[PDB]
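Lettered A, B, C, D, E, F, G, H, I and J in written order, each chain numbered from 1.
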Amino acid sequence: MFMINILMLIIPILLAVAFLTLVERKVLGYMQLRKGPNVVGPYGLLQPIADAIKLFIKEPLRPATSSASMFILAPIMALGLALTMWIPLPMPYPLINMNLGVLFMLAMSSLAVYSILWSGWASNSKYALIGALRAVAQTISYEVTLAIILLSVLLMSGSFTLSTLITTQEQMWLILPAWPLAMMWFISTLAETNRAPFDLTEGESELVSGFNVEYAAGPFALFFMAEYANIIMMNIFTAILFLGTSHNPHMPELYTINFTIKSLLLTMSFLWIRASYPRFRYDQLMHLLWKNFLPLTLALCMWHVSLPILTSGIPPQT
Amino acid sequence: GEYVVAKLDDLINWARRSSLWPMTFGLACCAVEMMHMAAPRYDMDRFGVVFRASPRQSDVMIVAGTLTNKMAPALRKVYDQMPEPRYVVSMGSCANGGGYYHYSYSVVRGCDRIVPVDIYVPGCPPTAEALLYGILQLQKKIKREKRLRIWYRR
Amino acid sequence: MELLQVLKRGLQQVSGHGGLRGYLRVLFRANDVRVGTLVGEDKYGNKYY
Amino acid sequence: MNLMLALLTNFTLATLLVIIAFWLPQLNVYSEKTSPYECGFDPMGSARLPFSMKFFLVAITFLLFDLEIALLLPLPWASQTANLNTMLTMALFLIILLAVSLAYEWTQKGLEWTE
Amino acid sequence: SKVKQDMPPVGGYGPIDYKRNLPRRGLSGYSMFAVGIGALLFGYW
Amino acid sequence: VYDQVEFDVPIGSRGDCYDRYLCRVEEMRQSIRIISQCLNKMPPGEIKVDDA
Amino acid sequence: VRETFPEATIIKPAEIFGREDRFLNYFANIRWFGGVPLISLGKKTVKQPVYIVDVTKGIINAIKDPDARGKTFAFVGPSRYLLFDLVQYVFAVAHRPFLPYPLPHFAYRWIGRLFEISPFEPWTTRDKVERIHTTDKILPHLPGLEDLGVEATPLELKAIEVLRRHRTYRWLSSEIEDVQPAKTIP
Amino acid sequence: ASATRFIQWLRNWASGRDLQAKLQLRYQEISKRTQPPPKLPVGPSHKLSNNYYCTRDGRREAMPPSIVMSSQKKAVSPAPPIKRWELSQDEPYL
Amino acid sequence: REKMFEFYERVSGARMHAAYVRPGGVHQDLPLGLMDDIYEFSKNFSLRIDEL
Amino acid sequence: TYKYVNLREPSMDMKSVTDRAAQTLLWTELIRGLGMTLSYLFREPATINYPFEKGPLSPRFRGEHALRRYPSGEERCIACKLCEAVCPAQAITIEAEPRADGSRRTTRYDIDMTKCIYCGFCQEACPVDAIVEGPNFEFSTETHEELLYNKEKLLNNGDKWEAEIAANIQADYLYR
């Protein structure tokens, strides 16, 4: 009954990712005064299936100069780690209930970076290498700010357990006492997922396709699936972190409905932002985080350390 | 036997023609009408046609403009770097047969001296709608492929 | 309410195409379900609206 | 066990997809197809040549800042101590020294990329 | 018959806008900042 | 007939990409301004030199 | 074909090597299985492979040559090699580790029968095993490529053209001179 | 043009304009696709008299260049200095 | 741009390479009702610049 | 006259300064940009439903070529070769001779449609309205050779499209 539970998690994720690509193409279409897919299936509903089948019957390529083992390893890590990020999510019950779910996701997200570094490096081509080193730059920009932003929020929750964030937000969303952190967190998730305006490791208009320019067919699809699975997961995490849904233990489906709507809307906002802004220069991303978010995050970290003590609002360990 | 491979062709053909990704590759004037096919009035994306810059992630090459001798080795290169199956659409008189520079010392008299061409779209330039007619004609060519039926009868 | 009047034009489209079967035929053949005035028909069976 | 089962399934599914991707499609491999990509013209030199890092000084500072989080991450637990007078002083002390280190590198142009 | 060719209407055409029009919107900085701190205090409470 | 239409020439002050972007956008506005004059002042008559 | 069309030119090529051949490519692909199995260690078979362009030019010259009618030609390369020397040279030009080991004739039809089960293009067959280990015939009574104006191309000039794609990145840029020619049978 | 009042309100508020007055989709304000025939005017040279071509021949009044100097007093410039442009009174500062 | 291509096509029959302006004038006169449509387009264009 | 696109010094009163600090910190001008694309999301898209809906064209449209006839069915082309002389692309090739009845008619009339620039000069030069560019633009082919038209192809195009060609010429000949 646990293996069935695992399949009830990852198969829907791959279906949600498939239809997220359709929803992105439609939403950007209408914001761009056009329609987007509406021929392949009614309202384009069969488009993701056609794209999936086409890629997996397309010829994969191993570049002559590439490092074979790392070339193939890199897409497997990308999808493997993207799905691993979902096992601790309380929806409202996690598949795996971790004491330190917040830190587990931080560690896995750091490991998922290497699927970019090694794919770009193993490709042994210049555009792939340039994209890979942008990933190094991008991680340096957001990782320090991201962890300290989380720490400030967890000082009101009192735990690293993701399920405790549900209990913390039983009377009120944490976005009220921490909207300055929610703002910087929301930006950090765009940088963390290589999403526009921080889509730099791929950066179509500068690097052709960046770190995965040499990938084709199925191996390319794994990277694309991993990206969109990370988009949804990070918006679920944002919803749990700042827009806590009340949980009724006798009607857990009602949590899952309200919780899903919030995550969809947050994911829709990622598409909305992509349609609205130009791309950052990747040294301007580093300065944004280090010169703006970091000084403010450090100050808010001290503030949220002190605030529970001075207001006598320290949460419990459980 | 025949019935299963017959349906399987219909499936792989349907997927390939419903998900056609042209290389982001334009040469001259005709690339402007290629832009207008991506623009709202015609919205190529609604047919499942999506530009992708990398040759590795492209199914179709639309040769949109004049091919010079200096450019010819580069065009052949990115064509060779597409994974298969791959298709070439020749757009406009210059690509089709040299056109108005046909007698120039620096122009390739038709891109079909360099790559195989599936569809020839006439015009100088073809209207955006005429190119869309060519793309849909390429789709109907792919709908008629018999890869598995022929394999089964080998 | 407007939202109800919008939803009544969706059902007039279904009947305007001759029932659910006719509505689905145009939806899958043409990816459109608008109902327009029949202007004419040619000798090959094409219908113009 | 459950966690190990979950990790194995995730990376087992990913590997199966790669295997299918490599053995299902019809392949036609030749030298020009697999040559390195660079916009239609042959690459000029090796992609293994050194690639200068302009943000090298920020990259080292990240290593030192990236260890501040390990020292600060225990703070939610430390807030449960009886000795809150000592806590808050030491927690604020660490963050301020981290802020001071950032200010020093900032004012001394350590965050500017080299040209 | 009199000459007929594409011409403007006898009175001419109506005015055509061209100048930049980016209207002003929103609240003062004070009001926006005040709303935010009001939100924070209720959140802390 | 450019001596018979009124329009302004946009001018930058920093010689950078942003100023050239603003010059081009303001040039589009001045094009509409000229087009309004051409529409109103279109004269009658032949369209090519009466010299066969 | 001889009785049906008495005036037909019949061409009898040795194994042909070229970019898309099933000869040099065939040996180079055996690396995927570790060692290179050979009947009698490849010390019993002699081959005289001929270049694809030589065969093509010979065919084209037969069309135009009025004296090629009713004749039979043997298109063979310029040098005869022991199979073991040939396959060892294939691995040197590809820069892949060569681990030959003998495999008896009966056991190496069993492997050939196992590969025949693919409904696709077999990787190898029993008949393929027989042909590869068949000694190339010496037929002096038949006119050759030289009688059609074609000068046979040595395997050494064109091996790199075919086998470069089989190298790893470390060895892709080795020149034609870096590998000494295989020993020939005089 | 078919958008409901609520949606008209919503996209007006979001954009900050009155989008309905200046829709980017054309309806029936455009010219009819069937027009009456024109009757185009003729040029100045459509006269029956006093119209000899040799009095209106531009190509034949072109002359070879004037040789100023051939190798076979105050200083001058090519033309008067250009006047300095004046600022617009329509909108001097964008 | 698509609607301005229609003006090119209406005067010359081609959306882009009109070949319309020639030494001596233009090839053909403006078709009846074109100047009305150009005015209709120009009435709204500045708003499009504003959105940009 | 001229105007300055970027030469304005911002005011330094605490209200204006505080307004800009709110803009920097509350992202108000980036939020405002989100409003614009939101407004477009609720606008009717401009996409037409091709091939069931077509883009608008005019009677002057320059499309596929066709050779025309008189009402009797006689060809209008008299092998004057004015179209062949004016063709900027040298896309026209003509041969002629006296017909069996003595008529001046072509025995070859080729248009290399991959040389042609669809410029319409040929139909301007023709003194009898023989060669025209019809309204068809949907004739893409699967082979290059299919775009090398000979007289039989062009005459068939004339018979195929004459109903529309005549109506377009009727609507525009008074501008010529």
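The working rule: a contact is a pair of C-beta atoms (placed from the backbone, for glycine too) under 8 Å apart; a residue touches a chain by one contact, two chains touch by 3 or more.
According to UniProt, the chain labels map to these proteins: A = NADH-ubiquinone oxidoreductase chain 1; B = NADH dehydrogenase [ubiquinone] iron-sulfur protein 7, mitochondrial; D = NADH-ubiquinone oxidoreductase chain 3; H = NADH dehydrogenase [ubiquinone] 1 alpha subcomplex subunit 7; J = NADH dehydrogenase [ubiquinone] iron-sulfur protein 8, mitochondrial.
Undergrad: What chain sits nearest the middle when you go by CA atom centres?
TA: Answer by centroid distance: B.
Undergrad: Provide the C-alpha centroid distance between chain B and chain I, rounded to the nearest whole angstrom.
TA: Computed value for the inter-centroid distance: 31 Å.
Undergrad: Could you please state the distance in Å, as a whole number, between where the Cα atoms of chain C are centred and where those of chain D are centred?
TA: Measuring from centre to centre gives 55 Å for this pair.
Undergrad: Just the number, please: Cα centre separation of chain A and chain E in whole Å.
TA: Centre separation, chain A to chain E: 36 Å.
Undergrad: Name the residues of chain B that each touch 2 or more other chains.
TA: Answer for chain B, listing residues that touch two or more other chains: 39-41, 43, 46, 54, 56, 83-84, 124, 127-128.
Undergrad: Would you pick out the residues of chain I that each touch at least 2 other chains?
TA: Touching at least two other chains: 17, 27-29, 31-35, 39, 42-43, 46-47, 49-51.
Undergrad: Could you list the positions in chain G whose residues touch two or more of the other chains?
TA: 165
Undergrad: What chain-chain pairs meet the touch criterion?
TA: A-B, A-C, A-D, A-E, A-G, A-J, B-D, B-I, B-J, C-H, C-J, D-G, E-F, E-H, E-I, E-J, F-H, F-I, F-J, H-I, H-J, I-J
Undergrad: What does chain J use to touch chain I in their complex?
TA: Touch residues, chain J against chain I: 36, 56-58, 60-62, 117-121, 124, 133, 172, 175-176.
Undergrad: Residues of chain D touching chain A in their complex?
TA: So the residues of chain D in touch with chain A come to 2-3, 5-7, 9-11, 13-15, 17-18, 20-22, 24-28, 31, 33-39, 43, 47-48, 51, 53-55, 58-59, 62, 65-66, 68-69, 72-73, 75-77, 79-80, 84, 88, 91-92, 95-96, 98-99, 102, 106, 111, 113.
Undergrad: Would you mind writing out the residues of chain C in touch with chain A in their complex?
TA: Touch residues, chain C against chain A: 27-28, 31.
Undergrad: Spell out the residues on chain E that touch chain A in their complex, using ranges where they run on.
TA: Interface residues on chain E, with respect to chain A: 36, 39-40, 42-44.
Undergrad: Note which residues of chain B are touching chain D in the complex, please.
TA: 54-56, 73-75, 77-78, 80-81, 83-84
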